[PDB]
């Protein structure tokens, strides 16, 4: 996978630290949405699920998960943006490998519920 550049969402925001091209991804979140996100998410857990709601439509979340495998045709949550969220969580919160694993189980859990309600 390849990183991107500002020209990919000129009206967007950087996930990660803008200073480190090795660990930064541009995304479509406009700055005011990010102001709100960075204001109301006091843990890496809650900002990871919130960034997700802001980057993956729940139509997509219902048919997707991290690995793109599993029953019922699970597609794969776009990897450039998943790299973005990890870049951001480590930038803002300094998460560990232990942490990222839990955040990955909750990302998948959230997509599981999005699928759960296209069922009902």
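Numbering follows the first chain given and starts at 1.
Visitor: Would you mind comparing 38-46 and 74-82 for me and telling me which has the higher average C-alpha temperature factor in the entry?
Guide: Taking the mean C-alpha B-factor of 38-46 and of 74-82, the larger value falls to 38-46.
Visitor: Compare the mean C-alpha B-factor of 48-56 with that of 64-72 as given in the PDB entry, and name the stretch with the higher value.
Guide: If you average the C-alpha B-factors of 48-56 and of 64-72, the larger mean comes out for 64-72.
Visitor: Relative to the other modelled residues in the chain, which third contains the C-alpha temperature factor of residue 110: lowest, middle or highest?
Guide: Residue 110: CA B-factor falls in the middle third of its chain.
Visitor: Divide the modelled residues of the chain into thirds by Cα B-factor and specify which third, lowest, middle or highest, holds residue 103.
Guide: Its C-alpha B-factor, which the entry lists for residue 103, ranks in the lowest third among residues of this chain.
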